[PDB]
Amino acid sequence: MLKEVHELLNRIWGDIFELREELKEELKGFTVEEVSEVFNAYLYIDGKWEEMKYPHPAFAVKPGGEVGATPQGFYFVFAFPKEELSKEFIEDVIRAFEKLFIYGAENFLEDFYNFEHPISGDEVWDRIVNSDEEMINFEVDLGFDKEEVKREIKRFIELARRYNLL
C-alpha cells in the first residue's frame with residue numbers, strides 16, 4: 001500500500017508542477033499563476049460528494065479558470081457570470097465534454113449538471129435561470145491523461161471564444 005500511495009502522491013503533485021510550466025508556455029495570452037494548495041474542496045466519489053480535508057494542487061488561469069489534480073486525476077474549471085451565458089452555450093458544452101460538471105458557488109451543493117446522472121441542456125439552463133447563483137462553473141475531469149488535459153483545455157477555450165467568453 002505505502003509504496004503505491006507514495007508513488008500516487010508524487011504523481012499528483014509532480015504532474016501539476018509539470019503541467020503548470022507547460023500551460024504557462026502554451027496558453028499565451030492567458031495569465032497562468034503559480035501552483036497553490038487548496039484545502040476542504042469536495043470531490044464526487046462513487047456517487048457522493050466527499051470533502052477532502054487534505055490539500056490538493058491547483059493553479060489559476062485568468063479569467064476565472066483553475067487547473068489542478070486530485071486523487072482522481074486532472075481537472076480544469078472556468079467560471080463565468082450568469083448574464084454572459086446562454087442556453088446554446090450550455091447545450092454545446094454538454095455535448096463537447098465527457099466528465100463534465102456544471103455548478104454554482106459550491107460543487108457539492110449547487111449542481112446544475114452532473115454527467116453521471118445527465119439531464120437535458122434546456123433543464124440545466126432553466127435551473128440556472130431560476131437559481132440564486134451569479135457565477136457558474138464548468139468543470140471537466142480527465143484522469144491522469146496529460147494529452148487530454150492539453151487538448152480539452154484547448155477545445156474549451158475555442159468553444160468559449162465562439163461565445164465571446166474567452
# chains A, B, ... in the order shown; residues from 1 in each chain; ligands from 1
>>> select_by_dssp(residues="stretch 34-154 of chain A", states="strand (DSSP E or B)", output="PyMOL selection string")
chain A and resi 36-38+42-45+48-51+56-62+65-70+73-81+100-103+111-114+135-141
>>> write_last_selection(atoms="C-alpha atoms", output="tab-separated table (two decimals), in the first residue's frame")
chain	number	residue	atom	x	y	z
A	36	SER	CA	-1.06	26.64	-4.69
A	37	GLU	CA	-2.69	24.27	-2.20
A	38	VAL	CA	-6.45	24.01	-1.98
A	42	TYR	CA	-15.20	18.22	-2.35
A	43	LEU	CA	-14.93	15.52	-4.99
A	44	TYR	CA	-17.55	13.20	-6.40
A	45	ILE	CA	-16.57	9.64	-5.41
A	48	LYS	CA	-21.41	11.02	-3.44
A	49	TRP	CA	-19.69	14.35	-2.80
A	50	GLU	CA	-16.94	13.87	-0.18
A	51	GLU	CA	-14.77	16.53	1.47
A	56	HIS	CA	-4.60	19.22	-3.50
A	57	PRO	CA	-2.58	21.27	-6.06
A	58	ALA	CA	-4.19	23.83	-8.41
A	59	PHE	CA	-3.16	26.92	-10.38
A	60	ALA	CA	-5.24	29.85	-11.67
A	61	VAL	CA	-5.67	30.62	-15.37
A	62	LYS	CA	-7.23	34.09	-15.69
A	65	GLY	CA	-10.02	29.43	-14.58
A	66	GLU	CA	-8.30	26.78	-12.41
A	67	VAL	CA	-6.35	23.68	-13.42
A	68	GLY	CA	-5.44	21.05	-10.80
A	69	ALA	CA	-5.28	17.42	-9.75
A	70	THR	CA	-6.93	15.31	-7.07
A	73	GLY	CA	-6.68	12.91	-11.80
A	74	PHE	CA	-6.51	16.24	-13.63
A	75	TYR	CA	-9.34	18.75	-13.89
A	76	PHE	CA	-9.93	22.25	-15.13
A	77	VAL	CA	-12.77	24.62	-14.38
A	78	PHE	CA	-13.84	28.02	-15.69
A	79	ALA	CA	-16.32	30.36	-14.01
A	80	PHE	CA	-18.45	32.80	-15.98
A	81	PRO	CA	-21.06	35.39	-14.88
A	100	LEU	CA	-18.47	17.45	-17.05
A	101	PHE	CA	-19.97	19.14	-14.01
A	102	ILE	CA	-21.77	22.49	-14.02
A	103	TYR	CA	-22.29	24.06	-10.59
A	111	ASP	CA	-25.16	21.16	-9.05
A	112	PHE	CA	-26.80	22.17	-12.33
A	113	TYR	CA	-25.40	19.24	-14.35
A	114	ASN	CA	-23.62	16.05	-13.31
A	135	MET	CA	-21.05	32.70	-11.14
A	136	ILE	CA	-21.49	29.40	-13.00
A	137	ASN	CA	-18.60	26.91	-13.07
A	138	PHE	CA	-17.91	24.39	-15.84
A	139	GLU	CA	-15.52	21.63	-14.69
A	140	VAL	CA	-14.07	18.88	-16.89
A	141	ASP	CA	-12.34	15.87	-15.22
>>> closest_residue(among="A:10, A:33, A:95, A:46", to="residue A:118", atoms="only C-alpha atoms")
A:95
>>> select_by_dssp(residues="stretch 36-161 of chain A", states="alpha helix (DSSP H)", output="PDB file with C-alpha atoms, in the first residue's frame")
ATOM      1  CA  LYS A  87     -28.945  28.264 -23.432  1.00  0.00           C
ATOM      2  CA  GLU A  88     -26.912  27.455 -26.575  1.00  0.00           C
ATOM      3  CA  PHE A  89     -23.547  27.652 -24.776  1.00  0.00           C
ATOM      4  CA  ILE A  90     -24.904  25.279 -22.105  1.00  0.00           C
ATOM      5  CA  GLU A  91     -26.145  22.821 -24.796  1.00  0.00           C
ATOM      6  CA  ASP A  92     -22.778  22.973 -26.624  1.00  0.00           C
ATOM      7  CA  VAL A  93     -20.631  22.435 -23.537  1.00  0.00           C
ATOM      8  CA  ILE A  94     -22.701  19.382 -22.503  1.00  0.00           C
ATOM      9  CA  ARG A  95     -22.131  17.830 -25.958  1.00  0.00           C
ATOM     10  CA  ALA A  96     -18.418  18.763 -26.009  1.00  0.00           C
ATOM     11  CA  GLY A 121     -29.322  21.259 -21.638  1.00  0.00           C
ATOM     12  CA  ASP A 122     -32.724  23.008 -21.542  1.00  0.00           C
ATOM     13  CA  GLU A 123     -33.324  21.753 -17.996  1.00  0.00           C
ATOM     14  CA  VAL A 124     -29.806  22.804 -16.972  1.00  0.00           C
ATOM     15  CA  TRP A 125     -30.447  26.334 -18.311  1.00  0.00           C
ATOM     16  CA  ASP A 126     -33.835  26.502 -16.524  1.00  0.00           C
ATOM     17  CA  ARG A 127     -32.135  25.535 -13.234  1.00  0.00           C
ATOM     18  CA  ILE A 128     -29.519  28.279 -13.749  1.00  0.00           C
ATOM     19  CA  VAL A 129     -32.157  30.941 -14.648  1.00  0.00           C
ATOM     20  CA  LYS A 146      -1.688  14.659 -19.986  1.00  0.00           C
ATOM     21  CA  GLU A 147      -2.549  14.713 -23.706  1.00  0.00           C
ATOM     22  CA  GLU A 148      -6.227  15.107 -22.815  1.00  0.00           C
ATOM     23  CA  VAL A 149      -5.764  17.956 -20.363  1.00  0.00           C
ATOM     24  CA  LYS A 150      -3.959  19.953 -23.047  1.00  0.00           C
ATOM     25  CA  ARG A 151      -6.464  19.044 -25.784  1.00  0.00           C
ATOM     26  CA  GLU A 152      -9.610  19.568 -23.711  1.00  0.00           C
ATOM     27  CA  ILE A 153      -8.491  22.971 -22.364  1.00  0.00           C
ATOM     28  CA  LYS A 154      -7.848  23.916 -25.997  1.00  0.00           C
ATOM     29  CA  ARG A 155     -11.319  22.691 -27.072  1.00  0.00           C
ATOM     30  CA  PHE A 156     -12.884  24.523 -24.154  1.00  0.00           C
ATOM     31  CA  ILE A 157     -11.108  27.803 -24.946  1.00  0.00           C
ATOM     32  CA  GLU A 158     -12.127  27.510 -28.625  1.00  0.00           C
ATOM     33  CA  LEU A 159     -15.781  26.903 -27.665  1.00  0.00           C
ATOM     34  CA  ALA A 160     -15.653  29.833 -25.210  1.00  0.00           C
ATOM     35  CA  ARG A 161     -14.189  32.106 -27.928  1.00  0.00           C
TER      36      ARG A 161
END
>>> closest_residue(among="A:16, A:9, A:2, A:85", to="residue A:145", atoms="only C-alpha atoms")
A:16
>>> decode(residues="stretch 54-131 of chain A", atoms="C-alpha atoms", output="mmCIF file, in the first residue's frame")
data_model
loop_
_atom_site.group_PDB
_atom_site.id
_atom_site.type_symbol
_atom_site.label_atom_id
_atom_site.label_comp_id
_atom_site.auth_asym_id
_atom_site.auth_seq_id
_atom_site.Cartn_x
_atom_site.Cartn_y
_atom_site.Cartn_z
ATOM 1 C CA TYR A 54 -6.188 17.275 2.741
ATOM 2 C CA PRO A 55 -4.747 19.795 0.207
ATOM 3 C CA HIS A 56 -4.600 19.218 -3.498
ATOM 4 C CA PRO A 57 -2.584 21.270 -6.063
ATOM 5 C CA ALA A 58 -4.192 23.827 -8.413
ATOM 6 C CA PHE A 59 -3.156 26.918 -10.381
ATOM 7 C CA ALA A 60 -5.241 29.851 -11.672
ATOM 8 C CA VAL A 61 -5.671 30.622 -15.374
ATOM 9 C CA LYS A 62 -7.231 34.090 -15.689
ATOM 10 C CA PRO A 63 -10.006 34.980 -16.214
ATOM 11 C CA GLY A 64 -11.964 32.640 -13.954
ATOM 12 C CA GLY A 65 -10.021 29.434 -14.579
ATOM 13 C CA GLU A 66 -8.296 26.777 -12.411
ATOM 14 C CA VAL A 67 -6.345 23.675 -13.415
ATOM 15 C CA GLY A 68 -5.438 21.048 -10.799
ATOM 16 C CA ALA A 69 -5.277 17.416 -9.747
ATOM 17 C CA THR A 70 -6.931 15.312 -7.071
ATOM 18 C CA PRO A 71 -6.512 11.569 -6.427
ATOM 19 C CA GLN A 72 -8.992 11.130 -9.348
ATOM 20 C CA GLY A 73 -6.675 12.914 -11.798
ATOM 21 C CA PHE A 74 -6.506 16.238 -13.633
ATOM 22 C CA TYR A 75 -9.344 18.749 -13.895
ATOM 23 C CA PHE A 76 -9.926 22.254 -15.132
ATOM 24 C CA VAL A 77 -12.772 24.615 -14.380
ATOM 25 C CA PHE A 78 -13.835 28.024 -15.688
ATOM 26 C CA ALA A 79 -16.316 30.360 -14.009
ATOM 27 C CA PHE A 80 -18.452 32.804 -15.983
ATOM 28 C CA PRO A 81 -21.065 35.387 -14.881
ATOM 29 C CA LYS A 82 -24.588 34.052 -15.487
ATOM 30 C CA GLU A 83 -25.545 37.117 -17.600
ATOM 31 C CA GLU A 84 -22.814 36.249 -20.144
ATOM 32 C CA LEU A 85 -24.168 32.746 -20.683
ATOM 33 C CA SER A 86 -26.922 31.434 -22.932
ATOM 34 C CA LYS A 87 -28.945 28.264 -23.432
ATOM 35 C CA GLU A 88 -26.912 27.455 -26.575
ATOM 36 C CA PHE A 89 -23.547 27.652 -24.776
ATOM 37 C CA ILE A 90 -24.904 25.279 -22.105
ATOM 38 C CA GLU A 91 -26.145 22.821 -24.796
ATOM 39 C CA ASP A 92 -22.778 22.973 -26.624
ATOM 40 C CA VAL A 93 -20.631 22.435 -23.537
ATOM 41 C CA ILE A 94 -22.701 19.382 -22.503
ATOM 42 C CA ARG A 95 -22.131 17.830 -25.958
ATOM 43 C CA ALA A 96 -18.418 18.763 -26.009
ATOM 44 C CA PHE A 97 -17.032 17.093 -22.845
ATOM 45 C CA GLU A 98 -17.338 13.698 -21.183
ATOM 46 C CA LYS A 99 -16.768 14.078 -17.380
ATOM 47 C CA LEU A 100 -18.471 17.455 -17.046
ATOM 48 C CA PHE A 101 -19.973 19.145 -14.006
ATOM 49 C CA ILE A 102 -21.771 22.494 -14.017
ATOM 50 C CA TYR A 103 -22.286 24.062 -10.592
ATOM 51 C CA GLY A 104 -22.653 27.330 -8.672
ATOM 52 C CA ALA A 105 -20.573 28.525 -5.701
ATOM 53 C CA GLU A 106 -20.333 25.031 -4.138
ATOM 54 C CA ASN A 107 -19.932 21.859 -6.218
ATOM 55 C CA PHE A 108 -21.404 19.609 -3.533
ATOM 56 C CA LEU A 109 -24.490 21.830 -3.090
ATOM 57 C CA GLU A 110 -25.394 23.729 -6.257
ATOM 58 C CA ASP A 111 -25.155 21.159 -9.047
ATOM 59 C CA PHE A 112 -26.798 22.171 -12.326
ATOM 60 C CA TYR A 113 -25.402 19.245 -14.349
ATOM 61 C CA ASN A 114 -23.617 16.051 -13.305
ATOM 62 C CA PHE A 115 -22.504 13.804 -16.195
ATOM 63 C CA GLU A 116 -23.021 10.684 -14.051
ATOM 64 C CA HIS A 117 -26.742 11.443 -13.993
ATOM 65 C CA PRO A 118 -27.174 13.692 -17.047
ATOM 66 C CA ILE A 119 -30.159 15.918 -17.751
ATOM 67 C CA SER A 120 -31.017 17.929 -20.876
ATOM 68 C CA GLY A 121 -29.322 21.259 -21.638
ATOM 69 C CA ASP A 122 -32.724 23.008 -21.542
ATOM 70 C CA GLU A 123 -33.324 21.753 -17.996
ATOM 71 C CA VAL A 124 -29.806 22.804 -16.972
ATOM 72 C CA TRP A 125 -30.447 26.334 -18.311
ATOM 73 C CA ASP A 126 -33.835 26.502 -16.524
ATOM 74 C CA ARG A 127 -32.135 25.535 -13.234
ATOM 75 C CA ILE A 128 -29.519 28.279 -13.749
ATOM 76 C CA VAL A 129 -32.157 30.941 -14.648
ATOM 77 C CA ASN A 130 -34.239 30.005 -11.558
ATOM 78 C CA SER A 131 -31.217 29.910 -9.202
#
